[PDB]
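Inspection log for the structure reproduced underneath, given as structure tokens.
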Amino acid sequence: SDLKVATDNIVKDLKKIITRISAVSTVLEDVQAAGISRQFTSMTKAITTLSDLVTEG
Amino acid sequence: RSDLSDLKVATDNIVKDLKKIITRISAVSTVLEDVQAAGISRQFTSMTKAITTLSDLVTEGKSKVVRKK
Amino acid sequence: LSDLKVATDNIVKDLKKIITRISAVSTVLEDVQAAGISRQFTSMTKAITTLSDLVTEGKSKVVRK
Amino acid sequence: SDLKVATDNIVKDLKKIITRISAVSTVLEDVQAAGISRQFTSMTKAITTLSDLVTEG
Amino acid sequence: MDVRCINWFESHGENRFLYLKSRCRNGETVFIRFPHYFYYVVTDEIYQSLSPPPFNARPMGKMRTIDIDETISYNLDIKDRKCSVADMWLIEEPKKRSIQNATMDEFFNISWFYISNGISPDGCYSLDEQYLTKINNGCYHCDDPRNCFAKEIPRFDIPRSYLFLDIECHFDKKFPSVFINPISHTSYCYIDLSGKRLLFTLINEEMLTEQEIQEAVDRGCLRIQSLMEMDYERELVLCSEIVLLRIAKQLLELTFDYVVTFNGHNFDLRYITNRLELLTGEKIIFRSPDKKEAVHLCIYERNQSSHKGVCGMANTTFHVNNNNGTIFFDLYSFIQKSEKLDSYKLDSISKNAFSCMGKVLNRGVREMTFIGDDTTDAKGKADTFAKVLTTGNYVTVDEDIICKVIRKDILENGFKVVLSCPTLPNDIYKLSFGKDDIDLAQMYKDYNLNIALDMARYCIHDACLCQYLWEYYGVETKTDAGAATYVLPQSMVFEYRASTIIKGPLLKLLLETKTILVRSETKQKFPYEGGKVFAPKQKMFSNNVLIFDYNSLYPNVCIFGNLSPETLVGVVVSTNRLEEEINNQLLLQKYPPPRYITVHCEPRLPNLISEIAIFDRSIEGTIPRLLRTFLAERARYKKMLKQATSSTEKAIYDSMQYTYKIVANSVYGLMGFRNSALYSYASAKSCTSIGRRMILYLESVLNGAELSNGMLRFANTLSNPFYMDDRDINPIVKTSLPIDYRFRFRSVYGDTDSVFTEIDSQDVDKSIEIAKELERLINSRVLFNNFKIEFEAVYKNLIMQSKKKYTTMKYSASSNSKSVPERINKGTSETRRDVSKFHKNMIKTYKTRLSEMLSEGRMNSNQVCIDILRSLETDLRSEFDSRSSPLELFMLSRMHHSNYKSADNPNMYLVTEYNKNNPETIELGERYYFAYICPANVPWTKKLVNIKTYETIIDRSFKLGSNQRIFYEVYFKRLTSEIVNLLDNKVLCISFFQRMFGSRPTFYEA
Amino acid sequence: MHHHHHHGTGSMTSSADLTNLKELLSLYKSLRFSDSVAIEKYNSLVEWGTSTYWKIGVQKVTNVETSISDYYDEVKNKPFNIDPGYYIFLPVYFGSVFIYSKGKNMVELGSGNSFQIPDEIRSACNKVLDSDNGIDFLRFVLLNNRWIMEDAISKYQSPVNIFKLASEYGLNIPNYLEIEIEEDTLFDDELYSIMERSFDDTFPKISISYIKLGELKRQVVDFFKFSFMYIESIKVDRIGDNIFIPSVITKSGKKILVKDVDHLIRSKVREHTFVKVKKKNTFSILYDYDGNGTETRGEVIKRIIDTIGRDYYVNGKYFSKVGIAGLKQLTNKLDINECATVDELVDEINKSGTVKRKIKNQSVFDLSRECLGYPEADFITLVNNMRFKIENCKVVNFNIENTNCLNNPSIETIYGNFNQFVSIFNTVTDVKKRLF
Amino acid sequence: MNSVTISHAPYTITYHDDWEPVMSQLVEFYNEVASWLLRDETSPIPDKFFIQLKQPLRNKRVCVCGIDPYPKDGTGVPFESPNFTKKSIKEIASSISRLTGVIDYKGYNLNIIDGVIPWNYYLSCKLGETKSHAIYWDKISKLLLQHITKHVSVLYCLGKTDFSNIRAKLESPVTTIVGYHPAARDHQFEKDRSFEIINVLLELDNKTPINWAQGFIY
DNA sequence: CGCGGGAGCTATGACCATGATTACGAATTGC
DNA sequence: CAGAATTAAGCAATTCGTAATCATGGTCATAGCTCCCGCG
Ligand SMILES: Cc1cn([C@H]2CC[C@@H](COP(=O)(O)OP(=O)(O)OP(=O)(O)O)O2)c(=O)[nH]c1=O
Ligand SMILES: [Mg+2]
């Protein structure tokens, strides 16, 4: 299961990233937060494509 | 990690690591396209649960930085 | 087929997807190697070497001269 | 058992690629030949990087 | 010698005096000159503290002094309200002086003259003659009014003198200016002491050629060249304008009791005195009865600022600077203060006042012969119509067409009139004396002798119409009762509003109850919740609704709980439920429930959660027994209304009792009014709170109440909602009704004191005498102390579109099932003055249509929405295209004031623009007709903006231009939103309103 | 009937109405540094002047942004050249900047609310305003439950003579120096640091404000570097009895000072996060920034009380811990000798006549609320959801009906200590009955 | 600074450019009132009825309004008498003397004050008569005070009885001070301190306070 | 072979226009 | 000798018009961002 352990490492890295997002996010400036919310909308688009590939095939 | 002067290098590191994560998510998606076009029989219910936890964690990380005023 | 423009566009537009999938295989392999699980890469090495020498003979056969 | 069949499908796709290049390669014209030559150098650079990944241990 | 007080009137300048206008039994007018001097009330130590002694000082006795200030007390313990009893002396000075800590400064010197000398201003007195000192013929001087005005003999009828007048002036422009336009006619109604009513009209002879002047002499009119040639007996007199003005001047300088005009201080008397100053330089000189000081007729503007909002100037009344005793009375100002009508132009007042139903005996091609008597309409309405028909010229039929009177006959018990009317099918039509339907400027452009005599007839109709409005409103009876009740001079009665007219009986009471009200701290205004209004249970009531109306609810609240500023023990407030509970229990143990009433009220401040007001009922306050005086006056005029038979006297006495109800609710409202010195926020707030708890109590008792086996039971017990009372609380009440009458009552609507009790019976007579039994049983058991209700009406087909808005058929308690109902509209489009007559007419017709298709029940709701919206579609498009209906049935109206928060308010800007452009100056408080006017090339407008910019003020001389048109779209928008408020299928209504007016319709939520 | 005017006009022109107009102008010039009491007085004078004169130049205000930045220029974060002349160097402290208006009540910058102050320090401030009527406002700072008079902005008198008179009056002033500047010298971090060391003040100073003698306008200078430090834990240490200042401890061990509670809630400080801290060589200064998280203020209160402890609650600007309340806390709040029984307490309040005046003047509920240190609005909100059974104005039984207020953790903590509140309430009730 | 022709005795009347929006209506009103106005001997000369039409309205922030000129010796400028015999300007000078602390003066003149336009509501009166030309000057007085109170910030009225209607005679909001007249009895004008109230109400409108010492004639 | 110049696609935050919601005051009346 | 002199009822609730505020959508800069070509 290379795919499963690859996605497990992906979600573990992203869990560490979201913990440091919670660390830095209280005092993120406006252009900072705009950029990281742009990247999070890119996140939602990418996981939408990934969900479409695991659903439709 | 402790006593950093400005957030700009910290957020730039955040953004660069997240570019790497977007690149790796697009990579795993576009190799999933290839293994689905190969025609091998797969069962991806646990994969669907993994992307469900992925979407919940991305929503949790997003909701704190969405809106100003 | 006339004027060979469509053929050149067709053979250009797929190879960027090819190198995108090759970088995808590289990044999934990096993701496996950074996960810490024990792996052997013998048949994959054989597949990459036969892909490489087929690519080099194609490169020798696609020369402008 | 998924990455191996993924590279096998990649090998079959490049088999189709090389057969169609050998079919059309009786005339290629110089600038598109140079473009696909730089594409093949980028291909060999990516293959060399992946070979370093598979041979680093 | 016996006199009756006609008028009280004060002179100013040099030596200052007060005068009485009085009439003896033989008919001689007798004047009594009193010294008018300032009145102040100080304590005994303050009275000895003035180093300058007063001119006169006589003792008022030991009178308690109450500091009427409201302090919220978070703790239960309250300082006793100050009750400093001190001997008080009446400081009487001819010159105004400022006294430190002087009390009772809110009252006028004239009321203080009345009450400290014991004089009722409407009373008959045998004057003790040696106190009177004869100045000259007809004028006396009384230094001691206490001993002279000691014998109050009862009423005797006096030869009361009158002068009713309007004038007409030549406007080649829209409206006459004084300087460029002459007087055409001055019509006069000279009622002297001998009692004969001389009806004469002075006609200007510079407006006619000598061929027409000698033609008028041949036709019977009298041509004069001087004052001594003038004969008052002649009906029509030709004269020059200067001689006409001298006759006007010498008539106005006569010591009449009343010179009565309509819009005449503003126009007629001002025009007469100014045109007299222009042509000959003379002025109308009013002399004092002692001939000491003489003033000229100068119409002084008087402005009353509003008491809400930004306190801008809201009403302008014009009066006459008189000092001969004549009550120069403008009926325009009086009917503006009294009546609630769309406009108070004289022809609209004649529309409303002299409206009679007329049967038809003869029909012709162009002449329609109407008959009216005691069978056609109410008794006395036909005398009033015949009285106006004695000088009337044009009669409006069914409020839409104006018909000239062809021939006049006055019957014994009604009228007989022939009208230039088109032939109409119905036999009974409404006849009113409103409009002339003429272009008066057009008749001024082509002036001849026949036109001069026609406008002489119209001018004498207006002059006698002043008398017919005088007798219709009963203004001398209203004046006498207001003078007696409000302890005010007869010329002062209507001119002041509630706050002054309270003070007269208030001063009578505070001298009787030996009490002085003072204030230490400033009065602070808080919003408080008023009387409770219940949502209607449903829109249509097929089933009969009983109306139960408290007898003067807020006065009976104030009398019941002794709600006065002076009897408020204090205000207990709590920010928290802890000190609320502590104060509640410790409040019950400190203040006993019989002697003290605790009113749980609504908090004045947001941090407070409870505001309990405590009132001492051991000694009766000045506000409650002042209300006892006012409801005594209302009760005696109500029982004079009950004994009244003619409709004119019935209308007079109904307006009397309504006025006394209004001034009793003003004794209420002055406690809610901050700038009054009777301001008591706890008393008015607790008055609304007790009225709220009483309407909640009467509702909860009547809702879910059923009648069974001759026994009436209620849902809730009959407990006094504020304390335990000695009367039994058993809802099981024995009736005097038959056993088989088993009917269930429920409350469907309640507005403040009026619970709407839906009985399940539809029989009218049965519901009426069951409801009289209910009124007796509630007044005997459910209510307590002063609280009484009256069964007013049975409401059939009660169409409640919202709160405070309902249309129904009323059957009164005197009326029966066979008796004709009176269609009562309350707050609907027919009542409201900002609603055009076309809007009222289609709301009435579509109300009739909706009522009959819902009463038949044949036809479903969605398709009745279809056909009534399609009928609306064809009616509104026919009105937009054909434009057959005139401008006068699209005229809105509103009151011109200055009370505007914004400097750039569009209504105020509209009136200022019209005052700049037009020779009409719309005064403050004037009701002007305005309509939405747009150019006619504008098509149907979907989305409506700048609606206030399309308003154009409509005048009687205003004519709609060919390029202009009525902006039908916004009238139709209001009409459509009311219509879709009436009926169901809201989604189709939204689509219909969106396709016709581009907007979502306003919808009521129950 | 014309003798009662066309429309009666008040005596606008009288001298008392001129004093009202001059007061209206004075509080119009003082709008940005007045309390809600003077704002309501200004609105009363505006509506009086609008009912009295048909227009006035000033309008009613619904809310005034309380800022004193007209007197106080922009804060310079870079070194600059100071002009020659005489200067009054005054240190700006860390706590919330308060301003004392001419209406004898204390105003909060950024909120405009009137914070409630002890009696002696209000009496000293009122006597300072009685000494000089030209003072616009007195700039104060509330840090660690201390009021330091930072500055005395006045039209005529210099603050130096104000400060010594306020120190004689009992007010707290900095050890300030007044010096000449001989030459154009770059106002750098070293001269700033020795200026701070010249300010012999134990309590933290974040910046320096200097006043020119030639110009009335004064400017705050501040040299710092912005820092973002990881947070180990959040602690409270006790500055007065039942009064706790919030404090923030980093992973390195250096302690970030926190201004008030509402600074900690507004900036949304969470453990294991980054906060904006102004860095000095001596201490750390938390920035007055708004938190960028989506967490609502009530949930920040949730998390902060959950991290610190459930029997801590928010009491205005300081945290407060609940405990078993008795006669000791009531005698400490009454500033009187420690007492064993309620009878002896009645006796000593009778001995101290001004303390007896204080017992008579405020109610039982306000006394029992202040003795346990409950807040105004939170405790009114808690009691406004409860029904009480009561004998003799004493709570025998207390119960709550609505539990929506228990989502507030301060209200929940005060509900936890409501038994001790009932005990002190019955004690103060018995005291008020036995005195009166 | 323009002149418009009048049919009657003041044939040329000179108005400043600030007065221009209301002159087309003033000529219309004056051509109907003047034929009856000029029969009576007017206390100001008709040639100087409109000499305060020459004053600009932009620099004026205070309108001081009397109801009419003096019954005798009206100079056309309100509250000016070169002989200084009039009691109204004498009490005005007394009030300003207490204001400005100026005891030495020979006359007072409100026209020379910057920011103050002395106004008479009714622009004329008969010889020995007060408010005699009221009916002639009602419309012109309304229109002209409408125009003044658009430009000035504070209106000061010198009559308690005479200016009781002044909130109806005006319809645009202006700062209106209905003060006691100087010739009023009880010395109520001595008692009131209205000229400080003018300056305080200007300070409320962020206008320049009137230096009332400019009015003194030395 | 490797990085710079250039160009095109594409989400994405900010701004603006349009229309629906709502406070807000006048007008009116009921009470 | 050359004017002043106080009044003034409350709140509830509906409708309608205007204007500030906000939901929704269209549009436009704008950074990501990714590839095509190219020149040393
Ligand atoms: C008319 C009016 C009434 N009120 C209050 C006061 C009481 C209630 C009920 O009075 P209502 O009109 O029903 O009649 P009511 O006064 O109770 O007397 P009747 O029902 O006629 O006997 O409303 C008021 O404050 N101002 C007013 O102008
Ligand atoms: Mg009633």
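Chains as they are written, first to last, in PDB author numbering: chain E, 140 to 196; chain D, 136 to 204; chain F, 139 to 203; chain G, 140 to 196; chain A, 1 to 1006; chain B, -10 to 425; chain C, 1 to 218. We put the CB at the ideal spot given by N, CA and C, even for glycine.
- Taking 8 Å as the threshold, the shortest C-beta distance from D/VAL163 to chain G does not fall below it.
- A/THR515 sits buried, since 16 or more C-beta atoms from the chains shown fall within 10 Å of its C-beta.
- DSSP places B/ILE232 inside the beta strand (DSSP E), whose first and last residues are 232 to 239.
- If the five residues before and after A/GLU28 are omitted, its C-beta is found closer than 8 Å to the C-beta atoms of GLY138, all from its own chain and listed in chain order.
- Taking a beta-carbon distance threshold of 8 Å, F/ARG202 does not count as an interface residue toward chain D.
- Boundaries of the alpha helix (DSSP H) harbouring G/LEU192: 169 to 194, taken from the DSSP string.
- Between A/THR326 and A/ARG302, the CB-CB gap reaches or exceeds 8 Å.
- For A/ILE180, the chain C residues whose Cβ falls inside 7 Å of its Cβ are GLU32, in order along the chain.
- From the listed residues A/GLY312, A/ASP549, A/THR255, A/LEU389, the smallest Cα separation to A/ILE284 is found for A/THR255.
- A Cβ-Cβ distance of about 7 Å is found for the pair B/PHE215 and B/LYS267, placing them in contact under the 8 Å criterion.
- B/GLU139 sits in a strand when the DSSP states are folded into three classes.
- Look at A/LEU696: its beta carbon is at least 7 Å from all of the heavy atoms in ligand 2.
- Rounded to the nearest angstrom, the gap between the Cα atoms of A/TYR394 and A/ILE402 is 7 Å.
- Within chain B, no C-beta atom comes nearer than 8 Å to that of C/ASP68; the closest sits roughly 16 Å away.
- For A/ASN779, the distance from the CB to the nearest heavy atom of ligand 1 is not below 7 Å.
- Less than 8 Å separates the beta-carbon of A/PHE329 from that of A/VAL260.
- Judged by DSSP secondary structure, B/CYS394 falls outside any alpha helix (DSSP H); it is assigned neither H nor E.
- Counting C-beta pairs with one atom in each stretch, the region 536 to 551 of chain A and the region 747 to 754 of chain A have three or more that are closer than 8 Å, which means they touch.
- Membership of A/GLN801 in the beta strand (DSSP E) is indicated by the continuous run 789 to 802.
- Looking from the CA of A/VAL599, the closest CA among A/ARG894, A/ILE614, A/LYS818, A/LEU587 belongs to A/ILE614.
- Sequence-ordered contacts of the region 567 to 591 of chain A with chain B read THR575, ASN576, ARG577, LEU578, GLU579, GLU581, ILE582, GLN585, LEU586 [C-beta pairs closer than 7 Å].
- Residue environment: A/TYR554 is assigned as buried (16 or more neighbouring CB atoms within 10 Å of its CB, all protein chains considered).
- A/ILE619 is positioned such that its CB atom lies no closer than 8 Å to that of A/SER683.
- CA-to-CA, the gap between B/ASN326 and B/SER412 works out to about 20 Å.
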